[PDB]
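What follows is a set of notes on a single structure, which appears directly below.
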RNA sequence: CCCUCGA
DNA sequence: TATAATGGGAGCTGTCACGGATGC
DNA sequence: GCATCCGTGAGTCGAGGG
Ligand SMILES: [Mg+2]
Ligand SMILES: [Zn+2]
C-alpha cells in the first residue's frame, strides 16, 4: 500500500479531495523542477540506480510525502489562480 | 467558451440549406481514369472542401 | 468498388499525421529555429523567405533583394553564406542529421 | 479502443506484494515508449529522440542500458490491470509493475478472487495512466491494497484462499 | 440473492428501486399547465406544487407511479442517456420534436462528449481545491499585505 | 405494400 | 487429516456434495423433462459409473451448461439496464436534511403464523451495517445517537437487544428517503462498504449499486 | 515396450470408416464413377432432372453429364491458391416443336469441388470442411396446442426451401383451419378444390362426433372445384387478378408441383408410416386429367380428428426424437445449392430463348454457366457449414469431419434456441455423443457423431446392436433408427456371458430409453460396446467412468486442441482407439500389400510388393497446416525390412509408431508448491526443455504483392533507399531473403519500392534538403518486414511473376512473393497444458532440476500439479492414470484400459506391487537400508492411518506404494515432504494456446478512418478495447481523469493525442484533452438525419466545436 | 483451527486498524506462510483418499 | 460481418 | 430510329417480453 | 375491456480464418 495512506484519508473530508490535492501538488513540483519542495534534503524520496541513490523522479510520491509533513496548505479559494501562478514563477523560475 | 449543454431539435429546409456548401446534382463519385472527384458529385472538392491541405 | 461493411475495421487512415510524425515535425521546426537563431537576423530571414518558412511561399532573389533593399546577387550571396554557416554548425553539432531519414 | 494498452496471458505471482504485478519487459518497453525515449535522451544512451526510436525499432539494436532506463521510468508508477468480463469495479485494479523476463503477466494471488481470474489460461489487459492526475487517481483510489473489501457487502474481498487456507489450517 | 449465498447490501437495491419510483401520474391538473394522465418526475411536481402553494394557487393532485428499470431509464430527462441506452429512434424523434436540452447531469452524457464525469475527482465539491506551500502562501500574503 | 404490384394495377386501370 | 476432509472443512476446496459423489453414491438424476429418474446412481466416481449411469448424468450436466450460458446473457442485459437507470446517482452533498427515514425490522412473521421470530443475522447485517441512525436508540444501557454510523458491533448489539426484547426495529437513513436531487447524500447512504467508513462525497453509488447487484447474476440458480 | 490390455468385452465389429459420412455422401452426390446410363435420380443428377426440360428454340432438354479430370493436383492447388476441382460438362439438346429440328451439344458448366481422400476440400488453396447439419425431418407431425388443452396442431413439413410449412388446427368456433404463409383459411375450401364432396367427407370423417360438423359448410359445396379454386386464389392473393390458369398454376405450384414442393424421401417415408398410407409422389397432391387429386391432406385431417377424439393408435410426436431429426450431409447441401444455381441458369436460358434469332440457336448460346458457378462458389466459400478446416493435429480434422450442427442455412437461429434443442435426448444413445460439445453459447447446438454410429440413406443416424435369441448372443449385427430401437428391449454390453449365453438371471436393459431389469428370456438385443455411446475424442479418455461429464468434455475438446511435438509420444495409459484414429485420419503411411522395402529416406520410401512392382512413397515434410502446426512424415522402416499388408511405413504428425501421440508422458507429483500451482497453475522441471519435451515446430506464411500503379510500378528489388548493407545483408540479388537466414522483428523478408505520392515538400523539408544537399528520391521503402514478436529461419521462397510461364495474376499485379518462416518452440511460461481428464493450466514457473521434489534414488519429478484441482472438479481418471503410470514407470510397460472395461483397482495394485519390488528390491540389493527421513515420513503416515503400525519400514513403504504414494524430498532442503505424495506417469498435452502468439502491447499505432480510433487486432498493431463495462469500472472508482484519458487522449482526440505524445517526449505533463472526433462524427451523422445538434453554454448561446471550419 | 471464515474476520478487524495498512501487510504475510506450510504439509490426492464408508 | 476458438 | 411485340416473382418458416394500435 | 400483429430488445474482451 501507499505509505501512510490512512493518515492521508484522515486528512480530508473526501478521498477524492486527497487525490486532487496530490495530483495538483505533483504538477506544481514537475513544473518548477522540484525547487518548491518543502522536503529537507534528508526527507527527499530516493531511488536506487546502478550507480547509487538518486532523487525519486515520481512527483506524486513526493506530493504524498510532502502532504504528510503537514507543511502543505490545501482548501478552496485560498488565492487567485493567476496570482499563485505568477508568484510561483517568481520564487521558482521555469 | 465551455459547453454546458447539448440541444437537439428539428431542422428547417432553410437550416439544411444553411449547412450546405453546395447541392449535389450528380450521382457521380470519382472519374474512372483520373480517380479524382467528379464535378457536382458526392465527393466534389468544390462543395465539401479540398482533398489536399491548402491546395 | 466493394463495401466497407463486408471490413473497414481493418482499414487504417494514411491521411492524418501520426503523433510520432507530428512530434517529429514539431521538433524539426524547433531545431531549425535554433540553428537559424545561430545566424544573424537578416541572413536567417533571407533563408526563411527563400525556403518559405514565413508566408508559406518561396520568394525570388528579386523579391527578397527588393525587400532588404539590395541586389539579387547580394541576396543570393547572403543565402549562400547563411547556408554555409548552417552547414558548418551542423557538421559541428550533428543535430539535424537524424531528420533526413 | 485506446493507445498505451496491451494484453497477455496471466500467471501466478506468489512472490509479489499485493500492490505489485509482473510486467514482461517488452510489453513495458512498448507501453512506456515515449517516457523511455525521453529518459534515453536525459542520459547518454541517445543524442535525441528520433535516433532512440530508430534504435528501439529493431530488436537486435536493443542494448542493456535501455532496460535500466525503463526501470527508472516506471519507478513509482502504476499500471491498470483488467480481466474480461468486468462485472464490478475490481475488474480493474492498479499495480506497481515489476519488470520480468518472459511474455506472461504476473498476478498477485489474493486479487484473483476479485478478478474471477484463474491460471487455466485467462488473459488480461494492461493500461497506462498518463497524467499526474490519472496516476494519482490510480494509486490512491484504484490501488489493490487500498481496496480490501467488497463495496457490495463490506466483507473482505482480498482474503486467504485455496492453498493459503490449506496451509494455515494444516 | 440470499438463497444462493450472496451477501448484498439492501441500500443498492434501494437505489435502484428509488429510480423505479422516480415518476408520477397526474390525477388532477389544478391550476397548472399539466394534463390529466401526464407523467412527470416526482421532484418536478413537488417543486411545481410548492410554487403553486407559495402563489396561493391550487396544487397538482398526483399519483405514485412504479415503472421497471428499462422504462425508468428511457423516461429520464437526458436524451443523450436514453438514446444511447436503446430505442434510439423513438428517443431522438421525441427529443428533436420537443427541442430538448441535455444539462449533462449524469455520467453517460459527459462520457459521450468525452468530458470529465461529475463524480469522484470530477465532483465540483472536491475539484476546485487548491494546494500551496507555506513559502509561496506567505509571499502571496505579503503581496496582499503591501497593497 | 409492394410498389410493383401497385404500379401494375394502376397500369391495369387504363 | 484426510485430504478431502481437510480441504472441505478448511474452505480451501470442495463441498459435502462433491465429496459425496467421490466417496458415497453419485445420487439421483433428472430426466430431460426435469422429471427425476426412479433409479439413482449407486456408484461413486471412485468405483466408477456404468455407461447408463453416465448417460443419465449427461442429461443433467448438459441441462446445467445450457442453463449457465443463457443465464450469462440475460444477467449481462440486466446489469446494463441497472447501470443505465442508476448512473446519474452520485453523492452530491453531506446532508439533504430530511426528517424522513425507514425502519429496518429485526423480526419477521413465521410461516406457521404462530408468532414473530428473529430474522437471520446476515440479513439484519445486510439491512443495518454501515447505516446512519435517524433517531436516538437506547438499548441495554447503551446510547446509539442520532446521526450515528452503525458499526458491526453496533449491529450485533442491536441484535442482542432484540433477543432481550428491548427493540423490534431500527430507524435508519436510506436512499429511498433521501431528498437530495440527482443523487443521494452522505448520511442517507451511510458507509462506503469498501473502506468501512463514511462515504466520500463524489462517490458514484449508482454504478456501484448496479455492479453490486449485477456481478453475482451468473451465480443465481 | 510390453502393452498389457484389460477388459472382458470382445467387440464383435470394429469401428466403421470414420470419414465415411463425408466421403460417401459426396460420392453418392457426384456419381463420377458411375456410367451415366446407370446413374440414380439422386444427387446432382436430380438437380438436372428438376431443372430440365426447359420450355417456352422452344425446348432445351437434359441428356447426361460428365466430370473430367482436375486441371491441377491437390498440393499444386494448395501452392497456387487454387481450388481442387473437376470440370462439369452437360450434354443438352435443343428441340423446336414445330420445325422438329434437333441440335445437340455438350456445354461447359464450369467446375465442381472434388473432395479429397480424407474427406476435406481445397478451396482457393485453403483446406475446408463441410459440416453436416441436423434438422427436423420432413413429414406429418402432431403436437399439443400450448394454449388449448385437448386440442392438437397438425404440421406438414417438407424439405428446407422445398416449400411452405402447413398447419391444420381446430378453431374454437369449431371450423378446421389451414395455415399457409401465415394465412388462416377454412380447410374445407381446399378440400373442395381437391374434388371432395360432402358425401365422401361425411362417410370418411363422420366417425368422429362434433368434429366433422365443423368441416361442413354448405356455401363451399354449392360451388364446383373451379369456383372454389378461384375463391382460394382470391383468399391467398389479394389484388392479383383471379384468372383460371393463373390460379391453377399458383396452387399447383404450391402443392402438386414437384419442381417446387418436395417432401424428402424421408419425409415421404415418415408420412406413409405415420398416416398409414402410400404416396405416389413426394408432393401433397397431383395434377391428373385436368383436376387436382388428393394424397396427403385427408389422411392428415383424419389423424388429427382421431388424435383429438382420443381414438387409440394416435399419439403426438417428439420433435427432438432422433427418429424425427435427420442429418443433412455435405452431398445434400452441395446438391441443394447446385439446384439453386441450376434454377438461375434456367431463368437465364428462358431469358435467352425469348431474345435473339429464333432459327439459329445452339445450347452453347442459350446456356450461361456463370450463375451455377457462382452458387457453388458461394457454398464452398461463404456458407456457414463451410468451415476453415482444423488441421492442428489429425484428430482435429477427423472430429471436424464428424461434427453435427443445428445452425446454418435453413437451420436454427441462436438465442431463439432454448433448452430442448440443446438437450440430450434419450435417443442420443449410440448416435450422438452426450459429452463432446462446446462450452458457452454453442452448447448442445454443435455435436459429434458416435464412434459406431452411421447415417443412413434417408439421413437418420443408426447405432449397432446384437441379436439375442433365447438368451443367446449372436454375432449378427443390426443398425437401428431410434424408432426401431424403441421397439425393443436391449441389454447392456457388460452383461455377463459364458460363451454366447447370458449368465445372469437379472440383466440391465433399456425399453424406450427407460432403464429396466429383465430376464434373459426377455432380451431381444444387446449393445456392441460402451464405445458406441461416446464420440471418438471422448473414447480417448481412459477411466472415463471416474470422470464427471464436464471435465470429460474439456478433455475431449482440448484433445482436439493438442499441438504435434517433435518428440511426441503415445500415452502410457491408452483406450485402444489410438491406432485406428491414426489410420482413419490418413496421418501416417501404411503398406498397400506384402513386400520388401527397397529404399528408405527422410524423403521417400520405396517398396517392392509381391507383384514385383516398385512403388515409391514420397513423404510430406515440414508442411504448414491451416493452424500453422508442422506436418511431416517420418519413415518408420529400414532397408530390406519385410512388411505385410497394413504395416506402418511412416509416422504422420502427432503419431508414434502408428499410435496417436498428442503429447508427452511426464512424471508428476500431486502436491502444492509454494503458491506456484495456485489456482490451476502448473510447475514444470527445466529438464523438460533440456530433452526437448513439449517442443513444437510452427511455420508462418508471409505474403507481398508488387502491382502497377498510376504513379509508376511497385517492384521487388535489393535496392532500398536509405538502408545500410547490414539491413540488406541476408537479401539475395532480387531482394528476397535467402533460405536458412534467421529473421528477427524488423528484418526485411522481401525488399519492395513504391513511387512516392505526389508531394509538396513542407518548407522545413525544402530547407533541410538544401542544407544536406541531397535530392529526395523518387521511391520509398515499402518492404515486407517481420512483425513484432515473430521471426525464425526462412525455409521457403515462392515467387510468381507476370509475363512468365503458367503465371497469370489479378489485374494490376506484377508479381507475388511468398516467404515461409519456421520456428522451433520450447515450452515456456504462459503456455497451456492439459490432460485428457479436463485438468488444464498455464505453466507459471520453470524450476531448475535441483529445486524439484525428488524420489530417494535421486529422480526428480517433471510436473507438479496442485491437488486442490481434483475434489471440486470431480475427475478421478487422472489419479488412476497416475497410479497405473507409476506402475508402468517402474515395470517399463504401457497399458490399454478400455472405457468402462478398464483396469480395476486390484489389478493396478498388483502391478504397483511388482513395481515396488523393482524399486525397493533394487535399493536393498544395492546395499542401502531405510533412510531416516523415510522413517519420519512413515511415522507421519502411521499417524495418518495410511500404514499398519508394527510392520517393518519396507512393508509400510510398500503399503504406501500400493496407495500410489511415495516418499518425496524437497530439493531446496533435503528434508522430506512431511506426508507421502502421489507420484506417477501422466499423459499431458501442450495446447495450441501459447503466450508467444498472444502477447501484445501498443504505445501508438494506426487509427480507423471515420472514428479516428485505434484499430483492433494484434496483426494491425491495435489498441485494446475499453468498453462500456470498463468505463463503468472507472466511473465506480470515481477516477475522472483516467477515464477522460481513455475517452480522448488515448483514442479519438487527434489534437489531444498528438499533444500528449509530444508533451511526454518533451518531458512535460499531458495537456488538457479536447473534443473526441467520433462525437463530431455523431453531430454530422445526426445532421444528415435532419436533426440539429447544438452544443450550448450556460447562457444557451451556441458553441462551435468544429472551430469555424463547418460554417459559411 | 484457522479456516476461511476465521481468516476472513481476522482480515476484517485487522482491516479496521491494522487496518488498511498493516492489513495489507498481514494479508501478504498470511499468503507467504500459508503457501509454504501448504507445500511441506504432505497434502495430496490418492484414489484411496476417497474413503467409502462401510455404512453405505 | 458471419463462423470457430479462448477467457 | 419502323413486321409486331402491352400487369413481376420471390417465396421460406423450432424465441419471448413489452407497448402499441387494432379488431370483437 | 380483451385477443392480435408489429417493433425491439436479448454478456464482454480476445483470437483466428475467411
Ligand atoms: Mg479461467
Ligand atoms: Zn438524504
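The residue numbers of chain G are those assigned by Swiss-Prot, with the residues present covering 1017-1237 sequentially.
Quick reminder: no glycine exception, Cβ is built from N, Cα and C everywhere.
Taken verbatim from Swiss-Prot:
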BINDING   G:1112, G:1194, G:1201, G:1204  Zn(2+) 2 binding site
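Long-range Cβ neighbours of residue G:1201 (Zn(2+) 2 binding site) (same chain, at least 6 residues apart, Cβ-Cβ under 8 Å): G:1107, G:1108, G:1109, G:1110, G:1111, G:1112, G:1194. Over all protein chains present, the Cβ of residue G:1194 (Zn(2+) 2 binding site) has 26 other Cβ atoms lying within 10 Å. One residue stands out among the binding-site residues G:1112, G:1204 for having the most other Cβ atoms within 10 Å of its Cβ: G:1204. Secondary structure at residue G:1112 (Zn(2+) 2 binding site), as computed by DSSP, is coil. In the three-state DSSP reading, residue G:1201 (Zn(2+) 2 binding site) counts as strand.
Using the Cβ center of G:1112, G:1194, G:1201, G:1204 for Zn(2+) 2, the list of other same-chain residues with Cβ within 8 Å runs, in sequence order, G:1109, G:1111, G:1114, G:1189, G:1191, G:1193, G:1195, G:1196, G:1200, G:1202, G:1203, G:1205.
The DSSP secondary structure for residue G:1194 (Zn(2+) 2 binding site) is coil.
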